[PDB]
$ cat query-v7.cif   # mmCIF, C-alpha atoms (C1' of nucleotides) and all ligand atoms
data_protein
#
loop_
_atom_site.group_PDB
_atom_site.id
_atom_site.type_symbol
_atom_site.label_atom_id
_atom_site.label_comp_id
_atom_site.auth_asym_id
_atom_site.auth_seq_id
_atom_site.Cartn_x
_atom_site.Cartn_y
_atom_site.Cartn_z
ATOM 1 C CA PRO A 1 32.218 30.178 -32.259
ATOM 2 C CA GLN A 2 30.067 33.225 -32.832
ATOM 3 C CA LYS A 3 29.755 35.853 -30.126
ATOM 4 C CA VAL A 4 26.470 37.006 -28.620
ATOM 5 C CA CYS A 5 25.309 40.364 -27.228
ATOM 6 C CA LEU A 6 24.701 40.060 -23.482
ATOM 7 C CA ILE A 7 21.892 42.595 -23.761
ATOM 8 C CA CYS A 8 19.657 41.449 -26.640
ATOM 9 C CA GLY A 9 21.201 38.193 -27.859
ATOM 10 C CA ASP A 10 21.906 39.636 -31.300
ATOM 11 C CA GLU A 11 25.372 39.167 -32.821
ATOM 12 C CA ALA A 12 27.944 40.940 -30.678
ATOM 13 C CA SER A 13 30.304 43.222 -32.594
ATOM 14 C CA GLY A 14 32.735 43.257 -29.690
ATOM 15 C CA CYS A 15 33.496 44.277 -26.128
ATOM 16 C CA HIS A 16 31.970 47.734 -25.766
ATOM 17 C CA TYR A 17 32.023 49.908 -22.634
ATOM 18 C CA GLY A 18 33.190 46.873 -20.667
ATOM 19 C CA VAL A 19 30.646 44.339 -21.948
ATOM 20 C CA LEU A 20 30.381 42.057 -24.996
ATOM 21 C CA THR A 21 27.670 43.713 -27.117
ATOM 22 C CA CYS A 22 26.436 44.609 -30.600
ATOM 23 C CA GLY A 23 26.609 48.100 -32.096
ATOM 24 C CA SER A 24 22.993 49.034 -31.466
ATOM 25 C CA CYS A 25 23.217 48.393 -27.713
ATOM 26 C CA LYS A 26 26.542 50.233 -27.647
ATOM 27 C CA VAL A 27 25.329 53.451 -29.195
ATOM 28 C CA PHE A 28 22.045 53.050 -27.306
ATOM 29 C CA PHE A 29 23.892 52.878 -24.008
ATOM 30 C CA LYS A 30 25.921 55.981 -24.838
ATOM 31 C CA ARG A 31 22.867 57.961 -25.924
ATOM 32 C CA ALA A 32 20.883 56.740 -22.919
ATOM 33 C CA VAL A 33 23.377 57.648 -20.201
ATOM 34 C CA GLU A 34 24.259 61.012 -21.733
ATOM 35 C CA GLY A 35 20.887 61.919 -23.304
ATOM 36 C CA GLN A 36 17.757 63.278 -21.611
ATOM 37 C CA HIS A 37 15.159 60.568 -22.205
ATOM 38 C CA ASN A 38 11.744 59.818 -20.713
ATOM 39 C CA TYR A 39 12.053 56.064 -20.566
ATOM 40 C CA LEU A 40 9.358 54.426 -18.458
ATOM 41 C CA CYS A 41 8.527 50.713 -18.333
ATOM 42 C CA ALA A 42 4.953 49.723 -19.193
ATOM 43 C CA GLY A 43 5.289 46.292 -17.593
ATOM 44 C CA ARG A 44 6.960 45.066 -14.415
ATOM 45 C CA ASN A 45 10.548 46.195 -15.034
ATOM 46 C CA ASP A 46 11.416 42.726 -16.327
ATOM 47 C CA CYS A 47 10.685 43.033 -20.063
ATOM 48 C CA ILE A 48 12.219 40.510 -22.450
ATOM 49 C CA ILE A 49 15.022 42.166 -24.406
ATOM 50 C CA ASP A 50 15.844 40.488 -27.704
ATOM 51 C CA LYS A 51 16.518 41.659 -31.273
ATOM 52 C CA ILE A 52 12.826 42.127 -32.102
ATOM 53 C CA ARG A 53 11.636 43.714 -28.859
ATOM 54 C CA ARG A 54 14.647 45.796 -27.780
ATOM 55 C CA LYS A 55 12.940 48.853 -29.279
ATOM 56 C CA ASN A 56 9.890 48.241 -27.061
ATOM 57 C CA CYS A 57 11.190 49.068 -23.591
ATOM 58 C CA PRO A 58 14.294 51.306 -23.479
ATOM 59 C CA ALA A 59 14.035 51.397 -19.676
ATOM 60 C CA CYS A 60 14.571 47.657 -19.279
ATOM 61 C CA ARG A 61 17.237 47.754 -21.995
ATOM 62 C CA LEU A 62 19.237 50.429 -20.170
ATOM 63 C CA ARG A 63 18.665 48.454 -16.969
ATOM 64 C CA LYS A 64 20.221 45.356 -18.530
ATOM 65 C CA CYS A 65 23.121 47.481 -19.799
ATOM 66 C CA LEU A 66 23.817 48.828 -16.320
ATOM 67 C CA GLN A 67 23.416 45.454 -14.606
ATOM 68 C CA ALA A 68 25.809 43.952 -17.148
ATOM 69 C CA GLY A 69 28.360 46.456 -15.875
ATOM 70 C CA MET A 70 28.490 48.873 -18.806
ATOM 71 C CA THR A 71 30.127 52.216 -18.080
ATOM 72 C CA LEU A 72 31.758 55.154 -19.855
ATOM 73 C CA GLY A 73 34.644 55.285 -17.388
ATOM 74 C CA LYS B 1 -12.955 64.127 -24.029
ATOM 75 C CA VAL B 2 -10.544 61.323 -23.152
ATOM 76 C CA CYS B 3 -9.113 58.586 -25.394
ATOM 77 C CA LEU B 4 -10.335 55.128 -24.368
ATOM 78 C CA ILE B 5 -7.038 53.665 -25.553
ATOM 79 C CA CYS B 6 -4.306 55.787 -23.959
ATOM 80 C CA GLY B 7 -6.227 58.384 -21.948
ATOM 81 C CA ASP B 8 -4.793 61.248 -23.998
ATOM 82 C CA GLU B 9 -7.124 64.054 -25.126
ATOM 83 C CA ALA B 10 -9.626 62.558 -27.560
ATOM 84 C CA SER B 11 -10.052 64.267 -30.923
ATOM 85 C CA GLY B 12 -13.305 62.447 -31.568
ATOM 86 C CA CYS B 13 -15.161 59.261 -32.412
ATOM 87 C CA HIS B 14 -12.880 57.382 -34.790
ATOM 88 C CA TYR B 15 -13.472 53.934 -36.295
ATOM 89 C CA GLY B 16 -16.302 53.426 -33.808
ATOM 90 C CA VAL B 17 -14.491 54.473 -30.632
ATOM 91 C CA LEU B 18 -13.769 57.780 -28.877
ATOM 92 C CA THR B 19 -10.040 58.288 -29.491
ATOM 93 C CA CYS B 20 -7.241 60.752 -30.197
ATOM 94 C CA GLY B 21 -5.602 61.186 -33.595
ATOM 95 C CA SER B 22 -2.465 59.203 -32.813
ATOM 96 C CA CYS B 23 -4.470 56.103 -31.918
ATOM 97 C CA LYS B 24 -6.641 56.643 -35.015
ATOM 98 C CA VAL B 25 -3.785 56.607 -37.503
ATOM 99 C CA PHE B 26 -2.057 53.933 -35.421
ATOM 100 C CA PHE B 27 -5.068 51.667 -35.609
ATOM 101 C CA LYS B 28 -5.443 52.015 -39.369
ATOM 102 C CA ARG B 29 -1.725 51.529 -40.000
ATOM 103 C CA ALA B 30 -1.645 48.542 -37.646
ATOM 104 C CA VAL B 31 -4.628 46.715 -39.106
ATOM 105 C CA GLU B 32 -3.871 47.136 -42.801
ATOM 106 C CA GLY B 33 -0.076 47.073 -42.672
ATOM 107 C CA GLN B 34 2.154 44.013 -42.208
ATOM 108 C CA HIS B 35 3.783 44.651 -38.810
ATOM 109 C CA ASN B 36 5.735 42.349 -36.506
ATOM 110 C CA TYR B 37 4.489 43.545 -33.130
ATOM 111 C CA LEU B 38 5.546 41.399 -30.210
ATOM 112 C CA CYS B 39 4.790 42.032 -26.512
ATOM 113 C CA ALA B 40 7.788 41.995 -24.170
ATOM 114 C CA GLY B 41 5.697 41.802 -21.014
ATOM 115 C CA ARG B 42 2.536 39.960 -19.991
ATOM 116 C CA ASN B 43 -0.122 41.473 -22.304
ATOM 117 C CA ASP B 44 -1.156 43.957 -19.631
ATOM 118 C CA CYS B 45 1.213 46.758 -20.559
ATOM 119 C CA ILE B 46 0.113 50.186 -19.445
ATOM 120 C CA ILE B 47 -0.961 52.190 -22.462
ATOM 121 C CA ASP B 48 -0.930 55.905 -21.736
ATOM 122 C CA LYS B 49 0.283 59.035 -23.521
ATOM 123 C CA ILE B 50 3.857 58.448 -22.365
ATOM 124 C CA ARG B 51 4.191 54.686 -22.805
ATOM 125 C CA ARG B 52 1.864 53.980 -25.755
ATOM 126 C CA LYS B 53 4.878 53.834 -28.082
ATOM 127 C CA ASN B 54 6.372 51.022 -25.983
ATOM 128 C CA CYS B 55 4.101 48.090 -26.793
ATOM 129 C CA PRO B 56 2.207 48.366 -30.116
ATOM 130 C CA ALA B 57 0.874 44.860 -29.528
ATOM 131 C CA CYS B 58 -1.003 45.760 -26.351
ATOM 132 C CA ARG B 59 -2.104 49.067 -27.897
ATOM 133 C CA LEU B 60 -3.629 47.231 -30.855
ATOM 134 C CA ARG B 61 -5.183 44.812 -28.380
ATOM 135 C CA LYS B 62 -6.882 47.647 -26.519
ATOM 136 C CA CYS B 63 -8.095 49.074 -29.835
ATOM 137 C CA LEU B 64 -9.681 45.767 -30.812
ATOM 138 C CA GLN B 65 -11.177 45.171 -27.366
ATOM 139 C CA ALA B 66 -12.657 48.656 -27.609
ATOM 140 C CA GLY B 67 -14.405 47.589 -30.811
ATOM 141 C CA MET B 68 -12.438 49.609 -33.361
ATOM 142 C CA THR B 69 -12.868 48.512 -36.980
ATOM 143 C CA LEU B 70 -12.451 49.614 -40.596
ATOM 144 C "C1'" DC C 1 -17.131 66.084 -37.700
ATOM 145 C "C1'" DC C 2 -14.504 62.127 -39.714
ATOM 146 C "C1'" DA C 3 -11.317 59.723 -42.872
ATOM 147 C "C1'" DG C 4 -7.183 59.836 -45.188
ATOM 148 C "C1'" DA C 5 -3.067 62.090 -46.903
ATOM 149 C "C1'" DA C 6 1.130 64.228 -46.079
ATOM 150 C "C1'" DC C 7 4.721 66.457 -43.598
ATOM 151 C "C1'" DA C 8 8.152 66.326 -39.665
ATOM 152 C "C1'" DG C 9 10.414 64.526 -35.551
ATOM 153 C "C1'" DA C 10 12.236 60.937 -32.133
ATOM 154 C "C1'" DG C 11 14.495 57.012 -31.660
ATOM 155 C "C1'" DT C 12 17.174 53.754 -33.565
ATOM 156 C "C1'" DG C 13 20.921 50.987 -36.330
ATOM 157 C "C1'" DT C 14 24.530 50.602 -39.786
ATOM 158 C "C1'" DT C 15 28.709 52.118 -42.228
ATOM 159 C "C1'" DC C 16 32.941 54.354 -42.180
ATOM 160 C "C1'" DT C 17 37.378 55.908 -39.875
ATOM 161 C "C1'" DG C 18 41.530 55.969 -36.975
ATOM 162 C "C1'" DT D 1 40.914 46.179 -30.408
ATOM 163 C "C1'" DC D 2 36.888 50.070 -29.773
ATOM 164 C "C1'" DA D 3 34.878 54.671 -29.657
ATOM 165 C "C1'" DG D 4 32.547 58.109 -32.047
ATOM 166 C "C1'" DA D 5 30.601 60.531 -36.147
ATOM 167 C "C1'" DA D 6 27.117 60.744 -39.434
ATOM 168 C "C1'" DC D 7 23.675 59.160 -42.593
ATOM 169 C "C1'" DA D 8 19.470 56.464 -43.335
ATOM 170 C "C1'" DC D 9 15.503 53.925 -41.963
ATOM 171 C "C1'" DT D 10 11.174 52.776 -39.011
ATOM 172 C "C1'" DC D 11 7.673 54.224 -36.365
ATOM 173 C "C1'" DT D 12 4.994 57.637 -34.802
ATOM 174 C "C1'" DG D 13 2.037 62.137 -34.229
ATOM 175 C "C1'" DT D 14 0.321 66.499 -35.859
ATOM 176 C "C1'" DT D 15 -1.316 69.204 -39.523
ATOM 177 C "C1'" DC D 16 -3.543 69.473 -43.781
ATOM 178 C "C1'" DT D 17 -7.199 68.058 -47.122
ATOM 179 C "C1'" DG D 18 -11.480 66.127 -49.224
HETATM 180 ZN ZN ZN E 1 22.537 44.107 -28.379
HETATM 181 ZN ZN ZN E 2 10.067 47.247 -19.374
HETATM 182 ZN ZN ZN E 3 -5.048 57.569 -27.861
HETATM 183 ZN ZN ZN E 4 2.750 44.557 -24.124
#
$ encode --input "query-v7.cif" --output "structure tokens"
Amino acid sequence: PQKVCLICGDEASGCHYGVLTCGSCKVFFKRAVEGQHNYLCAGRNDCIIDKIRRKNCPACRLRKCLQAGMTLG
Amino acid sequence: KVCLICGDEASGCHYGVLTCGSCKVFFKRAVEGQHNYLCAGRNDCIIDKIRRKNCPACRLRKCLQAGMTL
DNA sequence: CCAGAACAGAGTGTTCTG
DNA sequence: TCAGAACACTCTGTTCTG
């Protein structure tokens, strides 16, 4: 029955900012939208985002967050 | 004057290849240490001063292909 | 100069709270 | 229920040292 993060496939802690996610992707999304970051993809803007590689490309991670419908209101 | 790994300003010839300091210490730490680097793209990730943190796997790959060794 | 050590920061992830 | 605070850890890069 266990719930899965729609961003990285890790265990989802709950519905955060409109989307079923884990804590890491939650706080990441908050920090990313509000914070001033220089995220730039090194691939083709389609990087695989899972528990191991989510640290690799913050750009694609934020992209998946936004496309999932995450918002702060 | 330019790092053959990320194109940043090269500090000198390290481990056999003209590199900067960051790629020097990165290479040593990567080779000796037990890391779980995994590429999220297609093994052709752009490694420059801005994005070199993104894919350690491809960075290490460029180091090895450059001939770096201990 | 070059190798290695050591110090410091960015980014991240978990725990705790209401 | 979920949002936010805050501490702690990993990885990295510069400075220091032999
Ligand atoms: Zn997640
Ligand atoms: Zn990417
Ligand atoms: Zn370099
Ligand atoms: Zn890569």
$ resolve_selection --input "query-v7.cif" --expression "the PyMOL selection byres (((not hetatm)) within 6 of (chain E and resi 3))" --output "PyMOL selection string"
chain B and resi 3+5-6+8+19-20+22-23
$ residues_near_ligand --input "query-v7.cif" --ligand "ligand ZN 4 (chain E)" --cutoff "7 Å" --atoms "all atoms listed in the file" --output "PDB file with C-alpha atoms, in the frame of the given file"
ATOM      1  CA  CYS B  39       4.790  42.032 -26.512  1.00  0.00           C
ATOM      2  CA  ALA B  40       7.788  41.995 -24.170  1.00  0.00           C
ATOM      3  CA  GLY B  41       5.697  41.802 -21.014  1.00  0.00           C
ATOM      4  CA  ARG B  42       2.536  39.960 -19.991  1.00  0.00           C
ATOM      5  CA  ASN B  43      -0.122  41.473 -22.304  1.00  0.00           C
ATOM      6  CA  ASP B  44      -1.156  43.957 -19.631  1.00  0.00           C
ATOM      7  CA  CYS B  45       1.213  46.758 -20.559  1.00  0.00           C
ATOM      8  CA  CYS B  55       4.101  48.090 -26.793  1.00  0.00           C
ATOM      9  CA  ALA B  57       0.874  44.860 -29.528  1.00  0.00           C
ATOM     10  CA  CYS B  58      -1.003  45.760 -26.351  1.00  0.00           C
TER      11      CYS B  58
END
$ resolve_selection --input "query-v7.cif" --expression "the PyMOL selection byres (((not hetatm)) within 12 of (chain E and resi 2))" --output "PyMOL selection string"
(chain A and resi 39-49+53-64) or (chain B and resi 39-42+44-46+51+54-55)
$ atom_distance --input "query-v7.cif" --atom1 "atom CA of residue 30 of chain B" --atom2 "atom CA of residue 24 of chain A"
25.4 Å
$ resolve_selection --input "query-v7.cif" --expression "the PyMOL selection byres (((chain D and resi 2-13) around 7) and not hetatm)" --output "list in words"
residues 16 of chain A; 22 of chain B; 1 and 14 of chain D
$ atom_distance --input "query-v7.cif" --atom1 "atom CA of residue 20 of chain A" --atom2 "atom CA of residue 32 of chain A"
17.6 Å
$ interface_residues --input "query-v7.cif" --of "chain C" --to "chain B" --cutoff "12 Å" --atoms "only C-alpha atoms (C1' of nucleotides)" --output "PyMOL selection string"
chain C and resi 1-5+10-11
$ residues_near_ligand --input "query-v7.cif" --ligand "ligand ZN 1 (chain E)" --cutoff "8 Å" --atoms "all atoms listed in the file" --output "list in words"
residues 5, 6, 7, 8, 9, 10, 11, 12, 21, 22, 23, 24, 25, 26, 50 and 51 of chain A
$ residues_around --input "query-v7.cif" --residues "residue 69 of chain A" --least-positions-apart "2" --cutoff "7 Å" --atoms "only C-alpha atoms (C1' of nucleotides)" --output "ChimeraX atom specification"
/A:18-19,65-67,71
